[PDB]
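S.K.: Experimental structure below, sequence on top.
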Amino acid sequence: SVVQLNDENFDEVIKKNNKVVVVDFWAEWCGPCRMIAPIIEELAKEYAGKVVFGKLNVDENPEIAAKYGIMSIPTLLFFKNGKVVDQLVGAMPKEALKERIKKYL
């Protein structure tokens with residue numbers, strides 16, 4: 001259950017109480033982003049209920065990428081209680097994303 005993010009729900013999703021929230025900044029044309037898309041879907045199932053995964057398309061929501069100073073995609077930002085706690089820049093394997101999630105559980 002990955003959530004599609006935009007101006008309407010971004011703040012609602014990242015402020016979810018007692019969740020780790022992972023936001024994937026991506027675009028349709030971005031090869032490395034496509035590579036990690038299925039990894040994110042798999043982890044969203046494994047951690048359903050504990051971790052929320054949101055997708056932020058930077059072509060559609062450039063203001064949001066700007067706000068968080070996203071200089072490169074793919075970038076995954078991790079939030080806890082509405083604040084950025086970590087980030088993973090680049091196209092990493094499942095284990096790297098999994099360990100970064102577990103750090104915040």
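M.R.: Received, thanks. Numbering: from 1, shown residues only.
S.K.: For residue 19, see how far away residue 58 is.
M.R.: Using CB to CB, to the nearest Å, we find residue 58 at a distance of 23 Å from residue 19. Just so you know, the C-beta spots here come from the backbone N, C-alpha and C atoms, and that holds for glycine as well.
S.K.: I meant residue 86, not that one.
M.R.: Look at residue 86 and residue 19: by CB to CB, they are 14 Å apart.
S.K.: These two: who's more crowded?
M.R.: More crowded of residue 86 and residue 19, by other CB atoms under 10 Å: residue 19, with 19 against 15.
S.K.: Contact partners for that one?
M.R.: Taking CB atoms under 8 Å, 6 or more residues apart in numbering, we find residue 19 in contact with 50, 51, 52, 80.
S.K.: Let's see which of those residues end up in strands.
M.R.: Among these, the ones falling in strands (DSSP state E) are 51, 52, 80.
S.K.: quick one: the longest helix seen in the chain to chain centroid distance?
M.R.: Using DSSP state H, we find that the single longest helix of the chain is helix 31-46. Remark: helix 31-46 is offset 10 Å from the chain centroid, using CA atoms, centre = their mean, to the nearest Å.
S.K.: same thing with stretch 29-47?
M.R.: For stretch 29-47, the distance to the chain centre is 10 Å (CA atoms, centre = their mean).
S.K.: ok, now stretch 49-62?
M.R.: In terms of CA atoms, centre = their mean, the centre of stretch 49-62 is found 5 Å from the chain centre.
S.K.: go on, stretch 13-32?
M.R.: 2 Å.
S.K.: From one end of that stretch to the other, what's the distance?
M.R.: With CA to CA, to the nearest Å as the measure, stretch 13-32 spans 24 Å from end to end.
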